[PDB]
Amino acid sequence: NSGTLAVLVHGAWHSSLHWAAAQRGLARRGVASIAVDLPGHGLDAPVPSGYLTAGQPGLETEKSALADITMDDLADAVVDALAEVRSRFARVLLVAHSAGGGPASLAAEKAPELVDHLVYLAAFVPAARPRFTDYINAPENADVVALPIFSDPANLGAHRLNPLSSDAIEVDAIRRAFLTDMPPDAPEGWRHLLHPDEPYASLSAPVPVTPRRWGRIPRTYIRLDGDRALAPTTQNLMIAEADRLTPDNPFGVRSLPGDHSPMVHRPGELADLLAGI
């Protein structure tokens, strides 16, 4: 693991900060790691003009500043990060979580030489269906906790969530979807560490990958069996459908118990898993 680097790509509404504890776990095994902040996430992220204002005026109608972000912009940010570290490490592992699988996969398609192994952590695999919504709305995913995404995401230019809502039922839906295994008396800092706007392209734009570029990279899926945001059945569906398109290079399959956020609630064993890939 002396020359292995894990490039971590966060999921929708999250950022690089959610990987922090898992990065500590990886270092404990001598695995260096960096976390990419996709456009619209991290310290650079915007918020709607009323998101931090009492009453939250205009939140349901204001157009998002992320409306013009394309799927290629998200992938090219991953390509840029992979390109900056390629000459420094012999083995580069691309680790994507949830919606990050789109941009990570397209980056591996654009530049397969920059990626030595793909790791999908309950993430979107665009091999068989190019849009994440193609799986989110599939019958296998009907039993997940329905996220309170704002109506008409195409017009806002983003899939909008409101963890700062005064509606405790609304906030509790986000809580149960992402952080199901959270202790009953846990701190509430996570509420203002999420970003409200996820670019429309992230969940709704097609991600075209081919079996002769993306499909030849060694890859592993990590299924989260207690996932209430993306059903384990949907995760198995993505593994089976993608494998049928690359029969000579099938998915490696690992498994963890618990909710959609093992980097938060199981960072130690997630790092141990990643170091074993």
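A residue's number is simply how far along the shown sequence it sits, counting from 1.
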(request) Name the higher of the two by mean Cα B-factor in the PDB entry, 128-136 versus 182-190. (result) 182-190
(request) Name the residue from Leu118, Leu121, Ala99, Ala168 with the greatest C-alpha temperature factor listed in the entry. (result) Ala168
(request) Grab the CA temperature factor for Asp37 from the record and place it in the lowest, middle or highest third of its chain. (result) lowest
(request) Classify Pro112 as lowest, middle or highest third according to the C-alpha B-factor given in the PDB entry, relative to its own chain. (result) highest
(request) Using the B-factor values recorded in the entry, state whether the Cα atom of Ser49 falls in the lowest, middle or highest third among the modelled residues of its chain. (result) highest
(request) Determine, from the deposited record, the chain-internal third of the Cα B-factor for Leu43: lowest, middle or highest. (result) highest
(request) Taking the values exactly as deposited, rank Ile69 by C-alpha B-factor within its chain and report the matching third: lowest, middle or highest. (result) middle
